[PDB]
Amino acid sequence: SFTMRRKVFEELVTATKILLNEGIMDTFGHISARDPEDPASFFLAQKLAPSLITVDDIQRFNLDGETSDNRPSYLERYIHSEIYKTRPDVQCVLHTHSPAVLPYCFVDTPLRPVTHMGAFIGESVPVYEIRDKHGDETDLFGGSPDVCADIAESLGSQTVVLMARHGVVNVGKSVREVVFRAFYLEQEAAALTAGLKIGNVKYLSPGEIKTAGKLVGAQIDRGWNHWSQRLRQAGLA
């Protein structure tokens, strides 16, 4: 019970370290996990610098984004809650301002798969535009259930969603899957960006997207072990 819970906490901390070391996550970003013992709950670190998060910093939240914990929480915690209630299949949610992906949050050009490693994206990454329903005078943040409800809405049933002029949200069935996807989404965006200025891009076909987006099997763990080893090499625990 408490032993298993500690394991989930450790994985979130590890995922945070990996995302930071691999340049995916910034000072502002956070990853959560649905309590594997109780779907009505999820775990998320208190509002702190990512590089300082430990297992003792994880808070317990309900699907309403509220916690009994007396410590300060992330304002964008509602991004996680709203998605978990709308997507029962999702077990982990990650929010970042991933460098290479960021530009796609404010340009018309859609982020579409260009290599097999990006197939999990689907046709293209959906873009949530807060102006559509709230005008152009908002703070662009996701600090409310209603706004974050629209974000889940735009996400639909896909694997990723971009928040215009803000950042990126990655979802998946496990912390390891979300970390893997976040890493390759970043590499895919970098590749497409380079390609757009080298010549005409020939994208993956809907058929290849369907077929290739299914070979992301034993790959998830290999990636996790690799990035984990890289953490040991850097002495980042």
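The numbering used is simple: start at 1 and walk along the sequence shown.
Higher mean CA B-factor, judged across 171-179 and 206-214 from the recorded values: 206-214. According to the PDB record, 151-159 carries the higher mean C-alpha B-factor of the two stretches 151-159 and 95-103. Per the deposited record, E76 carries the highest C-alpha B-factor of all listed residues (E123, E76, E129, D108). Looking only at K133, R112, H80, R165, the residue with the top Cα B factor in the deposited structure is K133. For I198, the recorded CA temperature factor ranks within the lowest third of the chain's modelled residues.
Per the PDB record, residue ranking by Cα B-factor puts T16 in the lowest third of the chain.
Ranked against the other modelled residues of its chain, the C-alpha B-factor of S32 as given in the entry falls in the middle third. Per the PDB record, residue ranking by Cα B-factor puts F61 in the highest third of the chain. In the deposited entry, the Cα temperature factor of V55 sits in the middle third of values across the chain's modelled residues.
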